[PDB]
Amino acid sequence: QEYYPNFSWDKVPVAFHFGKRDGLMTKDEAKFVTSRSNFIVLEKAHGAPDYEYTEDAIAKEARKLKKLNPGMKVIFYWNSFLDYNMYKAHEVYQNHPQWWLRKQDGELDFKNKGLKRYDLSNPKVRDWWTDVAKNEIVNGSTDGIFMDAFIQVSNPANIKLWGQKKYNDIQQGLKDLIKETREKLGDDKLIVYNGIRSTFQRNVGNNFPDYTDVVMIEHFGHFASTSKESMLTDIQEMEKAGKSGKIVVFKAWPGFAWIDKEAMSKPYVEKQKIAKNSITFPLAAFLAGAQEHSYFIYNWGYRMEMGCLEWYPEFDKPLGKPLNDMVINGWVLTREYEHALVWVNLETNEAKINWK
């Protein structure tokens, strides 16, 4: 835990996860982020279109943030499944068509807009993929890697496309990729992966605990995880992961997301007002199960302009250390901090934070 970001219970622990379009962060934006958190994940296409390649922009942005805050942990986003076109490594991957994953019917496997999906069962793809992470991170400005799209790899709909045998090899290839990543990165670098996800159809927990330091709860109380059963599972997974020593990133939403076309057409001040009015329930749910090194993120997207730099009075109130563990009473969760008493009813979507 010596290479973890410095954690404190003094106020609500928050983290950042975004990519800024139209160049790197300004000095004011960099000061805002580094003075309020020690933990930021920089997304794909950060700095676009001013920076052609994500590797350059993230490396430069990490240096800028670390000048203001030497204790800042800056994470390099590197999708484990999808071949996005704004990296240098994308050009290398294009020159290896023999690597490209193909479905059962022999057709190339890709998502919409020609986004190829990696064949993680191929050791040559894994060695190239981990080489990209190593060359960017070790002896570099970043302190770790964000391996995304783990859930998409294990999606049972892939068995129809790949067949059971190919699906099993790809699942095992993902496990090897994580182990190879830790081998090349070393012991002093953080490994983040998109983990916990609770839905009616599938429940995914901290299912890759080996060699990893941070697990994300991306979809709390939103998308397909709005049910009381899903929300309780997400909060319990945070509590279980945190008690195991994991950093947990608890991503909450203001009742809407950037994929909502009608909500995105609202005035920005209306988005702020909705977000300001909708923070109590997800924050109380976070504080109910939050452990040491648990972090709260509250916005409506992964581009910086989608509320990522908004601030709320709840984030300035004293919090203090937790005095007890989470108490579950049916669908009602309670937690007591030194300066806050937390109450949340997942069934009725009601919550109250009694600051004191």
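We number the residues from 1 along the sequence you see.
Taking the mean C-alpha B-factor of each stretch as recorded, 246-254 and 110-118 are not equal, and the higher mean is that of 110-118. Look at the C-alpha B-factors of 58-66 and of 304-312. On average they run higher in 58-66. If you compare the C-alpha temperature factors of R21, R335, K11, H17 in the entry, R21 comes out highest. Per the deposited record, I159 carries the highest C-alpha B-factor of all listed residues (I235, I159, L283, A275). Among the modelled residues of the chain, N329 sits in the highest third by CA temperature factor in this PDB entry. The entry lists a Cα temperature factor for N206 that places it in the middle third of the chain's modelled residues. When all modelled residues of the chain are sorted by CA temperature factor, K27 is found within the highest third. Annotation for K228: CA B-factor lies in the lowest third of the chain's modelled residues. Sorting the modelled residues of the chain by their CA temperature factor places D169 in the highest third.
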